């Protein structure tokens, strides 16, 4: 606890961590059951929900979605680029996960019946904590004490484990989910920065832009051992408090250390 508390003190906000060693079942928790805004991190679970749906709806992933300029909310760099052709459900999913593309996320949410649809999927896999309430971009408000669009580090890690390593998805879909996470482009300075270059990592980040609120969750494969699943979330009390990637990386290192996993040569 003390090392995490010192990290909080220097950062000026709150940090929540839950890490599980899938080999032994050993865990590290710090504020693991407190609520933190999901920010864009809900998009990983959104992609998992789309994959689950594909298991009972043949051809879903290949389906072309032809959206208009009306769909292009800010921070949609992939969606903007493909406006004139449209994108398949698969393409939208990869864009949402690997680039946090907002338009792509909103289109996929619509496919699943909105924030309530994604929430009902999470409940279906045994996650009673996750809630998505709003769409992009309103879900990013991260107002202290607001339960909308939040989950806990523990629930995030447990759900991530079920979807990537457990039986929540069929084997093909499970591998697609893992591959999407592995191809993420936005997380190089977070959980990835806590581990050596040759450990496989799949992750999804969230960065609300306000209230020092940002996060990352990941599956990590250390050379020669069972994977670790972990979530690192932050928030802070003032709207203008800046997030820190460095604090997330540091908390990840502490979590891994607490499991006897470190990147020391």
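Positions refer to the first chain, counted from 1.
The mean Cα B-factor in the deposited entry runs higher for 68-76 than for the other of 68-76 and 110-118.
Taking the mean C-alpha B-factor of each stretch as recorded, 82-90 and 97-105 are not equal, and the higher mean is that of 82-90. The top Cα temperature factor in the record, among 236, 50, 26, 38, falls on 26. The entry assigns its greatest Cα B factor, within the set 213, 205, 56, 63, to 63. Residue 196: CA B factor lies in the middle third for its chain, per the PDB record. In the PDB entry, residue 167 places in the highest third of its chain by CA B-factor. For residue 247, the recorded CA temperature factor ranks within the middle third of the chain's modelled residues.
Annotation for residue 254: C-alpha temperature factor in the middle third relative to the rest of the modelled chain, per the entry. In the deposited entry, the Cα temperature factor of residue 185 places it in the middle third of its chain's modelled residues.
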